[PDB]
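Here's the structure, in structure tokens; my notes come after.
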Amino acid sequence: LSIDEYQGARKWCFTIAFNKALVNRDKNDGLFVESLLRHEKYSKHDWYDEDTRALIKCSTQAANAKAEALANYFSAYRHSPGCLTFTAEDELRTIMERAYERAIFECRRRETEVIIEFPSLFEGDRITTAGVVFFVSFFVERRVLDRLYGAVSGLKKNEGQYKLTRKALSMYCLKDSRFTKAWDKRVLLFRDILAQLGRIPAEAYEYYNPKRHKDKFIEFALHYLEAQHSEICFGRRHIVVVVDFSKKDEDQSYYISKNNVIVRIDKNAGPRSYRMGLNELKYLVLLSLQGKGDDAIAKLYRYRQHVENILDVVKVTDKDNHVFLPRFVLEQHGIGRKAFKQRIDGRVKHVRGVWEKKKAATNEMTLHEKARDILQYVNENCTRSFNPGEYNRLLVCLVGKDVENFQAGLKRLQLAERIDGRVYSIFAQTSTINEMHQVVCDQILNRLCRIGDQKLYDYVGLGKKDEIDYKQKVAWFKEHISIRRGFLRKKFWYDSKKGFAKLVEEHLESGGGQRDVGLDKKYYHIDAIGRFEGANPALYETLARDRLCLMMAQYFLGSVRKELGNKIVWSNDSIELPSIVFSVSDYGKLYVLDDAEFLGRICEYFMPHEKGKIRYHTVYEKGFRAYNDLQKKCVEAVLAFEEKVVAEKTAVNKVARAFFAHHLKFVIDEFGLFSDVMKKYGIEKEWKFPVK
RNA sequence: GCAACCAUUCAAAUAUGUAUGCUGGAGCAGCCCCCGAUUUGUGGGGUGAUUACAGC
RNA sequence: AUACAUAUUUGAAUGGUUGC
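With the authors' numbering as the guide, the letters of the first sequence map in order to residues 14 to 221, 238 to 269, 288 to 625, 635 to 702, 730 to 775.
In structure tokens:
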């Protein structure tokens with residue numbers, strides 16, 4: 014239990030962790046401070062007070078020296094216990110206590126209740142097992158620390174306590190992934206695109238893998254366009288809905304509202320910002336994939352100049368330029384005005400149509416849809432409109448089937464003279480949401496079917512009181528320009544008779560990928576119904592956007608194709624590299649390719665008879681797991697050797740060093756000699772090595 | 001042929017926090033209808049607005 | 001009830017280990 018109780022061969026789990034800390038300190042000497050500050054870069058709120066931050070900044074040499082001392086202590090049979098003492102004074106102790114209390118707070122505040130206590134890092138001026146685990150965490154990948162904690166925890170009886178304690182102790186540990194300089198998001202996007210493409214389009218699923242539920246084209250397109258074009262940045266959303292262009296938070300969601308995004312293009316003399324729809328986005332992706340991205344972005348950048356030129360000469364400009372201008376501009380210059388009579392007719396027809404459809408659909412409509420309709424009726428009949436609180440309260444009643452409380456609400460509005468007795472009364476004969484909804488539809492349609500009076504024009508929103516100056520509207524418009532639908536199409540494919548889908552198909556066939564979707568083509572067309580009927584248009588468009596997404600995936604894989612000197616065979620359901637076959641999805645969030653020598657030796661030494669393609673699962677079970685098992689035995693053996701004693732020597736040192744550092748830099752013959760010397764000195768183990 | 005343990009992915013259920021209204025402007029954008037059409041069209045209409053909008 | 005985030009439980013698919 015206490016750290017003092019780990020003597021001789023029992024030290025092994027700590028030997029492995031601390032040697033890895035040194036392995037990693039030799040790759041990067043800055044890891045203590047890097048790890049301590051990792052999370053605080055993402056926090057407005059200080060993780061540390063000012064003096065703590067100061068101590069952290071000075072601590073590299075101290076922490077690196079302590080790392081070496083403990084590695085020495087844990088790698089020897091007998092070492093002086095002095096290194097296990099941290100005084101109250103100790104810089105490292107203060108740092109550790111602050112970092113730990115911070116981690117606990119971070120854990121607890123995300124839980125619904127406080128269930129457990131956390132282990133102390135210190136007892137008097139002596140580090141505990143938990144303290145030693147915490148110290149090493151700063152230097153090692155999550156998998157190393159989990160392996161250590163798994164060996165030394167007294168807490169595994171209670172799964173919940175074990176995992177929460179582990180969460181705190183492992184707060185500051187490195188990501189498993191060697192390649193990740195926190196820009197390996199292309200790996201995750203690759204997997205996400207493949208996962209989405211493998212889901213069957215909803216409409217095809219219902220007719221004939239999981240079902241696709243969400244269209245993620247825009248999300249993928251934004252990640253791809255930002256990766257390809259450093260001049261471009263899309264609006265991110267936060268709720269205080289605020290749109291900003293900060294790339295400080297990677298997790299932060301893109302602003303996507305009704306298939307619109309906000310783009311900022313930084314060219315020439317400074318950034319220009321536009322709203323861009325799905326239509327323009329998908330053409331931009333298509334153009335980017337074919338190497339015309341820079342040119343497309345140049346044309347979008349210049350778009351505002353054209354608008355500004357047209358704005359001065361609306362009356363005289365070519366009618367073709369009217370497309371770039373909102374109604375209010377054209378109407379100001381006497382273009383496309385409609386008689387109030389015509390505006391009334393269109394408005395009333397629409398609102399009538401909306402309410403006839405609601406009336407027909409009551410039984411099929413959601414409680415939210417029905418509640419909104421009922422509230423829209425009450426609100427429009429109120430002297431003073433609902434405040435947010437009043438609205439919320441009544442909505443909660445309707446959604447919760449609390450018709451009694453809703454009717455008590457109407458009574459209160461009546462007693463307050465906000466609604467008249469008629470409005471209260473029309474609901475008195477109803478007991479259900481559906482009945483109330485029908486009554487409301489009837490009252491509204493009665494109002495809309497009247498011979499056109501002054502009250503009607505106001506009711507349907509044609510009655511303006513407040514006058515905004517045209518010149519204010521123009522100014523607003525100029526800072527809120529949206530790209531005309533079909534803009535990029537007209538700039539690049541003016542005289543093209545090929546639709547979007549055919550342009551995508553032509554690029555796919557001739558572009559050099561030689562890929563297509565891995566879903567059966569039947570999932571993109573219902574053979575039994577006409578080309579243009581039902582879901583067939585939407586599925587055909589989906590085939591084109593999926594093909595774009597496949598090409599985006601092919602671009603992303605390209606980045607990790609650039610990294611290292613290993614070939615890729617990429618299938619729908621596997622990646623093969625020189635061979636190891638990663639299954640499930642792509643890898644199943646795996647790595648291992650970063651140490652090619654080690655993977656080579658793992659395969660050579662633990663799987664000598666296997667040739668050609670080997671499953672990752674097999675490499676793990678027969679290789680990495682087998683290595684880990686052997687490593688425990690060799691470290692335990694080496695420590696027991698030291699205890700007892702306190730070409731053969733060469734081999735012993737090399738094999739020892741290999742197992743201490745988690746590599747295979749020795750030959751089979753050399754393990755023979757190591758094994759011989761262990762046998763000669765009393766310490767046997769069931770080596771299970773070398774392999775048949 | 002079956003069970004247990006570990007790892008990975010998907011679906012479903014439960015709890016907690018936050019949001020949901022009004023007025024004016026905005027329909028270049030998004031969406032829908034009609035008209036064509038191996039399908040998403042710088043073809044015609046709409047859309048009491050869904051809002052990088054201003055206030056209460 | 002809808003949207004978003006966090007946490008917990010169950011089932012299904014895949015591989016390995018153990019027992020008969």
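We treat Cβ as the ideally placed atom computed from N, Cα and C, and that holds for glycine.
_If contacts are defined as beta-carbon pairs under 8 Å, then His252 and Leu202 qualify, I think. What distance do you get, rounded to the angstrom?_
One-based indexing of the first sequence puts residue 252 at position 223. One-based indexing of the first sequence puts residue 202 at position 189. Right, the Cβ-Cβ distance comes to about 5 Å (below 8 Å), so this counts as a contact.
_Can you tell me whether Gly264 is buried or exposed? The criterion is at least 16 other CB atoms within 10 Å of its CB, across all chains shown._
For the purposes of this step, residue 264 is identified with residue 235 of the first sequence, where counting begins at 1. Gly264 comes out buried.
*In terms of residue numbering, what span does the alpha helix (DSSP H) encompassing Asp341 cover?*
Here residue 341 is taken as the residue at index 294 of the first sequence, counted from 1. Element bounds for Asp341: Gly340 to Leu358.
*Along the alpha helix (DSSP H) that carries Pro584, what are the first and last residues, could you check?*
Walking along the first sequence from the start, residue 584 turns up at place 537. Unbroken alpha helix (DSSP H) run through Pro584: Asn583 to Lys609.
*What does DSSP give as the partner residues of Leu187 in its beta bridges?*
The sequence position of residue 187 within the first sequence is 174, counting from 1. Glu154, per the DSSP bridge assignment.
*Counting only runs of 4+ residues fully inside the stretch 15-83, write out the alpha helix (DSSP H) ranges in chain order.*
25-40, 44-50 and 63-71
*Give the single residue among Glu136, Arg51 and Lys448 whose Cα lies nearest to the Cα of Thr100.*
Along the first sequence, one-based indexing puts residue 100 at 87. Out of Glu136, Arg51 and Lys448, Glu136 has the C-alpha closest to the C-alpha of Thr100.
_Here's a check: name, in chain order, each residue in its chain whose Cβ is nearer than 7 Å to the Cβ of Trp617, leaving out the five neighbours to either side._
One-based indexing of the first sequence puts residue 617 at position 570. So the qualifying residues of the chain are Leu604.
_Among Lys329, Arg139, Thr141 and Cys186, whose alpha-carbon lies nearest the alpha-carbon of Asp159?_
As a first step, residue 159 is located in the first sequence; it is residue number 146 there, counting from the start. It is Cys186.
*CB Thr409 to CB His353, shorter than 7 Å?*
Counting from 1 along the first sequence, the entry for residue 409 is found at position 362. Counting from 1 along the first sequence, the entry for residue 353 is found at position 306. No. Outside cutoff.
_According to DSSP, simplified to helix, strand and coil, what is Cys429?_
Within the first sequence, the letter at position 382 stands for residue 429. If DSSP states are grouped into helix, strand and coil, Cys429 belongs with coil.
*Could you say if the stretch 40-48 and the stretch 121-136 meet the contact criterion of at least three C-beta pairs nearer than 8 Å?*
no
*Going by other Cβ atoms of all chains shown within 10 Å of its Cβ, with 16 needed for buried, is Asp205 buried or exposed?*
By 1-based counting over the first sequence, the position of residue 205 is 192. So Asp205 counts as buried.
*Can you check whether the CB of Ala418 is closer than 7 Å to the CB of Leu442?*
The count along the first sequence starts at 1 and reaches residue 442 at position 395. The count along the first sequence starts at 1 and reaches residue 418 at position 371. For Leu442 and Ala418, yes; Cβs fall inside 7 Å.
*Since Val507 sits in a beta bridge, which residues does DSSP pair it with?*
What you label residue 507 is simply residue 460 of the first sequence in a count that begins at 1. Partner(s): none; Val507 has no beta bridge.
*Skipping 5 residues on each side, what residues in its chain have a beta carbon closer than 7 Å to that of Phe680?*
As a position in the first sequence, residue 680 is number 624, starting the count at 1. Only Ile658 meet the Cβ criterion.
*Take every Cβ of the stretch 529-549, pair it with every Cβ of the stretch 329-349, and state whether three or more of those distances are shorter than 8 Å.*
yes
*Name the residue from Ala217, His58 and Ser432 whose alpha carbon lies nearest to the alpha carbon of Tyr587.*
Against the first sequence, residue 587 aligns to sequence position 540. Answer by Cα proximity: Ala217.
*Helix, strand or coil: how does DSSP classify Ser529 here?*
The residue you call residue 529 lines up with position 482 of the first sequence. Strand at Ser529.
*Could you give the distance in angstroms between the alpha-carbon of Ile117 and the alpha-carbon of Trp60?*
Counted from its first residue, the first sequence places residue 117 at position 104. Counted from its first residue, the first sequence places residue 60 at position 47. Near 12 Å, if we compare the C-alpha coordinates of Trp60 and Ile117.
*Along the beta strand (DSSP E) that carries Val361, what are the first and last residues, could you check?*
As a first step, residue 361 must be located in the first sequence, where it is residue number 314. No beta strand (DSSP E) holds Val361; DSSP gives it neither H nor E.
*Decide yes or no for the touch test of the stretch 22-33 against the stretch 742-758: beta carbon pairs closer than 8 Å, at least 3 of them.*
yes
*Integer Cβ distance of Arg91 from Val702, believed to fall under 8 Å*: Translated into positions along the first sequence, residue 91 becomes position 78. Translated into positions along the first sequence, residue 702 becomes position 646. Indeed, because the Cβ distance is near 6 Å, the residues count as touching under 8 Å.
*Does the beta-carbon distance from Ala693 to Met761 come in below 7 Å?*
In the first sequence, the residue the question calls residue 693 occupies position 637. In the first sequence, the residue the question calls residue 761 occupies position 678. In this structure, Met761 lies closer than 7 Å to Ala693 by Cβ.
_If I measure Cβ to Cβ from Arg440 and keep anything under 8 Å in the same chain, skipping five residues before and after, which residues do I get?_
Residue 440 sits at position 393 when you count from the first residue of the first sequence. Same-chain partners within the cutoff: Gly456.
*Grouping DSSP H, G and I as helix and E and B as strand, with all else coil, what is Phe249?*
The sequence position of residue 249 within the first sequence is 220, counting from 1. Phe249: helix per DSSP, three-state reduction.
*Rounded straight-line distance, which links the Cα of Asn619 to that of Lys245*: Position 216 of the first sequence, counted from the first residue, corresponds to residue 245. Position 572 of the first sequence, counted from the first residue, corresponds to residue 619. Roughly 19 Å separates the two Cα atoms.
*Pick out whichever of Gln601, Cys596 and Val774 has its Cα sitting closest to the Cα of residue 712.*
What the structure lacks is residue 712: the chain is numbered 702, then 730, with the residues between left out.
_Can you tell me whether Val507 is buried or exposed? The criterion is at least 16 other CB atoms within 10 Å of its CB, across all chains shown._
Numbered from its first residue, the first sequence carries residue 507 at position 460. Classification for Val507: buried.
*Would you tell me roughly how many angstroms separate the C-alpha atoms of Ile129 and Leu105, rounded to the nearest one?*
For the purposes of this step, residue 129 is taken as residue 116 along the first sequence, with counting starting at 1. For the purposes of this step, residue 105 is taken as residue 92 along the first sequence, with counting starting at 1. When rounded, the distance between both Cα atoms is 26 Å.
*When burial is assigned at 16 or more other CB atoms within 10 Å of the CB, is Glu437 buried or exposed?*
Residue mapping note: residue 437 aligns to position 390 of the first sequence, counting from 1. Flag for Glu437 reads buried.
*Report back the beta-carbon spacing between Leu14 and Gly173 to the nearest angstrom; my notes put them in contact at under 8 Å.*
In the first sequence, counting from the first residue as 1, residue 14 sits at position 1. In the first sequence, counting from the first residue as 1, residue 173 sits at position 160. The Cβ separation is near 21 Å, so there is no contact.
*Meets three-Cβ-pair contact criterion under 8 Å: the stretch 178-196 and the stretch 140-156*: yes
*asked:* Checking the sheet assignment: what are the DSSP bridge partners for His267?
replied: Residue numbering aside, residue 267 sits at position 238 when the first sequence is read from its first letter. Beta-bridge pairing links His267 to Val289.
_Across the stretch 563-583 and the stretch 592-604, are there enough close Cβ pairs to call them in contact, namely three or more that are closer than 8 Å?_
yes
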